[PDB]
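The following block contains the structure, expressed as structure tokens.
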Amino acid sequence: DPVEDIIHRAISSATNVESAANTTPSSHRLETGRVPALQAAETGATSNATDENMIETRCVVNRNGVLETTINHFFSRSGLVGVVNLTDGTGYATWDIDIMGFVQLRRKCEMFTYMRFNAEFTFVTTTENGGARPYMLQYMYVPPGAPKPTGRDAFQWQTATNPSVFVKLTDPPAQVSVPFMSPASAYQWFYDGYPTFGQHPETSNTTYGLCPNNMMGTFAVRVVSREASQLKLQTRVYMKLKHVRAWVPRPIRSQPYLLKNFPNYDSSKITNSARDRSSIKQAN
Amino acid sequence: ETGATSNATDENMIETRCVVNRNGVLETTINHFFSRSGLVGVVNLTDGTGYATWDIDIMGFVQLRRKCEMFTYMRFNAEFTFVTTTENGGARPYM
Amino acid sequence: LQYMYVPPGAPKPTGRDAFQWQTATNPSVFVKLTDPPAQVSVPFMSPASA
Amino acid sequence: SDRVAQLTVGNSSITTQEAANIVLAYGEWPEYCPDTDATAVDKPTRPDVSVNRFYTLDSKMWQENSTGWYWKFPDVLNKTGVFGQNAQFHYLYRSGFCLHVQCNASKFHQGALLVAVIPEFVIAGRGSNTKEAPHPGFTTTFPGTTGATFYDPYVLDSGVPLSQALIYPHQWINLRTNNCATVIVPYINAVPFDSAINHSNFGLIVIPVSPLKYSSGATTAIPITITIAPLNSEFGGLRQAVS
Amino acid sequence: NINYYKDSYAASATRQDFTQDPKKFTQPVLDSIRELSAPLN
Amino acid sequence: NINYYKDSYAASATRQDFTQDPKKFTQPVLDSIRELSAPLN
Amino acid sequence: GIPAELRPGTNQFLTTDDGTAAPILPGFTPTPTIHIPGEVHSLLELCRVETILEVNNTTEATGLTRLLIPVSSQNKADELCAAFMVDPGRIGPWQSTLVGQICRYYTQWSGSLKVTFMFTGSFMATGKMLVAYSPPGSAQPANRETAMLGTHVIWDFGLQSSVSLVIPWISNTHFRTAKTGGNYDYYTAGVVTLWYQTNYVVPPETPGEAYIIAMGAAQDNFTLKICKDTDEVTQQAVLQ
Amino acid sequence: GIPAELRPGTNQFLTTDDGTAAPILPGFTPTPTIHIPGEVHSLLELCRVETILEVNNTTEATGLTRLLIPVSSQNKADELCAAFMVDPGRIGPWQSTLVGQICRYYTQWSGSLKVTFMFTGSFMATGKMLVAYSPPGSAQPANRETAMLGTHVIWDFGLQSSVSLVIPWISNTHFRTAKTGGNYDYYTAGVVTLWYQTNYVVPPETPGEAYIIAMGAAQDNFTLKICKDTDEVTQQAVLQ
Amino acid sequence: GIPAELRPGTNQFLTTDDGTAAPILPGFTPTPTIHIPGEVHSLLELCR
Amino acid sequence: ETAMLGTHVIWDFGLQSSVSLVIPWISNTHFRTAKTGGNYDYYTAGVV
């Protein structure tokens, strides 16, 4: 009775798969019209020709494990993400928490665009000659907006609101757990965009690709003492990705790395993906 | 002038949509706000009168004082921790 | 000290402070000399059945 | 019954007689934002006819020595039509797309294109500096309707090889088999609504892998036209115009 | 399956996932193709 | 939810509070006002 | 005994940690509780109470004059009265509120806000005002035909001497990091420019310079995520 | 207290270990999840997607020419077109695939493989090709009468422009260590020599030089055992 | 935490001792067993 | 780029050698007077 036109699913299906797939026995095909070997790669789909329809196979009850290949068992292996150098005699050292600076764990994380995980940090602090001297350290976590410490014995080390860890050099290394601290719903490693409005330049726009949903703060460290002790330190920070979910896979890096935040490469030296051989007509 | 705040909700000012909100109001309570240990006193001991005292008054350091001056009456338990070092960093086996 | 385990095919370390010691995928154990000795368990890692 | 198709969206329709198939990106359809995932508290606008229709861009001539091309979405439609006016008055934005790349050639021509869709496609600079450093200009990152030619298509101008770029949603335009590629893409972002001016979600890319070859006497001018269309688009946060 | 804190992110790794769904990456097409037929007809 | 001493103050933090009552600070008036009416009449 | 093996994190002192500790006084029974009025249970009871903004924070006022916004009879139409950003946790008028001082202990606020304007002129003075919130994507609106496009409330002076503009929650992300000014203008939220709708009309023998006291609080869906230390404090000694 | 006694492995830090750790922020509730399309659950979703091999990895191509295999009209019969080893985890054409780059993070692969050839010539050009896999025990076959004895698929050019040779899993051991080239040729798997079945026949006024794009993926029974670090990466600084 | 007190025999390494140890590879599933003839179960099969 | 904004049909040459653009009835009035060219351009209908 009123205006009528105001009144007016998916494809994939997940299966719990425990072991690898089996193989059923086959026979020989002598008939026309039914062909499993001819494909069309232009349709954007991969080939679906199974090996029972190409050759004659046997019955194999397959008992291999598909457990270690999941994204939880692949990323729950802690690797180095930052090295903080402290020379005492300004007395302290800070570290902007950015794990895109070391290349063993970066390339594993660049397989995907969006990742949602918890972390588990570990701080292995030594001296420059090996370590083990009984001095006491303090590790603050400074969130974005909190005042960073400006002295060896400044008042920001009172630490009444934000977390901190007291541990000696001669103890086992300190280890905490860190939740999902981003304001978005996933850490994105590739942000094709600009953070602010305005006229963006042509020569050197250092803001392209800056994602402020990933900047998580500052990690500060000092030696808990009054008089300046004279000993050079290094901490090493190891991040273990746990409870991890990943979205939108992308190809893996093939060019050698350059800057932390920007995916630069040089165009004058492009390394080939496959190392060369003599000719195409021989295999070795 | 009535001493009350405004009660105008945003559904009565503009046209809104249906939002099922799932944000956490847990970390803002007064237990999770004050259960974070901060510095309240520094006791200096130079041996050679041989001892040192400290009148227990936490109104001397300003990080934890200003959090406690939001309220007039407070009733709590405490949990002290004593981090003792030397003047050059610490770790000498004395009792 | 640091004890890495390098599987067959993984790059062996070529320096005292090389980049293979970042250890983002394969296992490693950090332990001092003055701790009790480190101890792990290792499964059946052969491609055959014995 | 599979090579013939028609795609009617809005007041526009595309016919084809030599198609291959239609690809849904990641197996999902573009839809509106549900109430359990929305974070704004205003009511969105949904024009649904005036903004969901096939917009035809300009044509790119394909030659012997073409190194390839890339557009940013929704960058190319911020200045065309009523979608270009709703994406300037409104701060927030959400949509899907439906892409269609036409390229015909005769029975005596040969070659192949790779039409893929890359979410969050970040352009790299081309210098051997370790900090200053070179960064791409604004007309290179956000090119507009005229697109931009690749400098190094082997690494997709991002240090990432083309040989693995079939993990993205894609089709092929093989000139002996088909003449058109169709990819339907949902909304892929870490936030439910995001700005349509700062942030372009994905980038369409057409790269000729095997080159165009033809014997003498054939038609030398082979153009590539691209016709795109928003689907299930909705806006929010009304204000004055910012381009 | 144990936790000593009330915070759910301080726990160890959770239960195993055991699932995969390759049909959204391998065959993301509308007209579903069979194996024993020609994909273009 | 564990304690190793008989003294109740040696325990950890207790159960969560989950309640708030803002009507004693926001609207502490006798004549209760509605929203859709004029507050002075 | 039970064969145990130690893990990393042994012998450390995490400040925010939640563990037991040995009591000093066994058998202790404290002083009994009495009823004391006005108990808080969370800090979102305190962020809903309207407190005064310092909109007139220029270098000329220097005192209690800083709290109030002047109005008068204008010769031209279309004119502007005041303007301020909407950012709890930014330098400016919000810094003198309970919302703007509790959102400095916390990172990543979320939710709507509200701004209440009270008019402190005489009874015989009449007028109308336009109060407009404009979401980000541009600079402060230059005239009334631009600021009328955003969210706005037209306010008539009368017996009910107070209006309230409810600033909605329009955002792309669920949370805004509450630290802004540099490259963090990705998290800004907008302006509340005040415009003359008609005029400030006044009879003879009545003062032609009136004031407006502006207030600010948060709505019912306001939250705060990550607790940090505030930057409003300095110290250089022990307070002997 | 409880009488405990410590064991070896005390105070160590195993990187792959699975234990709890003390949280820094109590009472934390993160930002809620939304629906983002295309979630992976394991890496065997990524090893089934066909990506392009670089069969023409000579020292002459230098670019995007490296991906494609040339065909033309031959004067003699029986001739060879291309050849490559079957070893995910060996230097050569497999190194530019998702299979050949995820099988470098893992030791000891297992299962079948598949190679899809797409022909990018003109419509009027016809021909037939022989695609032969030969199990190990010898060198690359020298003529077509030797390579016809192994597993092979005869492919006719036509409207369906793609064939797929499914390389079966023929092995003595359950797993192949994915590092080979020296004394580890105990774990090699074979060659995929391409032979002309008849010819590349072409009408007049049609180009007589066509190309083939070769693709590669893994079957449904493909697994990977021991996780290690990849050798494709170098670093000599901190990336300032 | 739980108030514990240590005993003698702390931090030693007895070779014949029977205790657990932390695994290096989580989620590991080995190569499946086949039937190989002639399995021993004790050394008194060999002394006869 | 201007004519693509109106009603349009993209036509591919092939075995089906004919397309048909259906010009819809878009008008303010119910009828158009069928005499036009001067001041009667109030009743015009468009271009193909």
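So that you can tell them apart, the chains are marked A, B, C, D, E, F, G, H, I and J in the order they are listed, and the count of residues begins at 1 in each.
We adopt the following convention: contacts are C-beta pairs under 8 Å (C-beta built on N, C-alpha and C of every residue); 3 or more make two chains touch, one makes a residue touch a chain.
Put simply, the chain farthest from chain H by mean CA position is F.
A comparison of C-alpha centroids places A closest to the centre of the full protein. Across A-B and A-I, it is A-B that has more C-beta pairs touching. Mean C-alpha position of chain A lies 56 Å from that of chain J.
Chain B and chain I, compared by their mean Cα positions, are separated by 50 Å. The geometric centre of chain A is 20 Å away from that of chain E, both derived from CA atoms.
Annotation for chain H: residues 2-16, 18-32, 34, 36-38, 41-42, 44, 46, 48-50, 54, 66, 96, 98, 101, 105, 118, 159-161, 173-175, 213, 215, 225-227, 229-230, 233-235, 239-240 touch two or more other chains. Residue positions of chain F touching 2 or more other chains: 4, 9, 13, 16-17, 26, 39-40. Shown for chain A are the residues that touch two or more other chains, namely 10-12, 14, 38-46, 49-50, 64-65, 67-68, 70-71, 73, 76-79, 102-104, 108, 114, 122, 124, 155, 159-163, 166, 168, 172-173, 175-181, 183-186, 195-197, 213, 248-249, 251-252, 254, 258-259, 273. By the touch criterion stated above, chain H contacts chain D in their complex at residues 34-38, 46, 49-54, 63-64, 66-68, 96-98, 101, 118-124, 159, 161, 205-207, 209-211, 213, 215, 237, 239-240. Note for the complex: chain A touches chain B at residues 133-136, 155, 157-163, 166, 168-170, 223-227, 229, 231. Listing the residues of chain B that touch chain D in their complex gives 10, 14-20, 22.
Chain G meets chain B in the complex at residues 13, 15-16, 18, 21, 33, 36, 40-44, 46, 48-50, 105-106, 110-112, 114, 116, 118, 151, 153, 161-162, 164-166, 168, 174, 217, 219-221, 223-227, 229-230, 233, 235, 238-239. Here chain I touches chain G in the complex through residues 1, 4, 6-7, 19, going by the rule given at the top.
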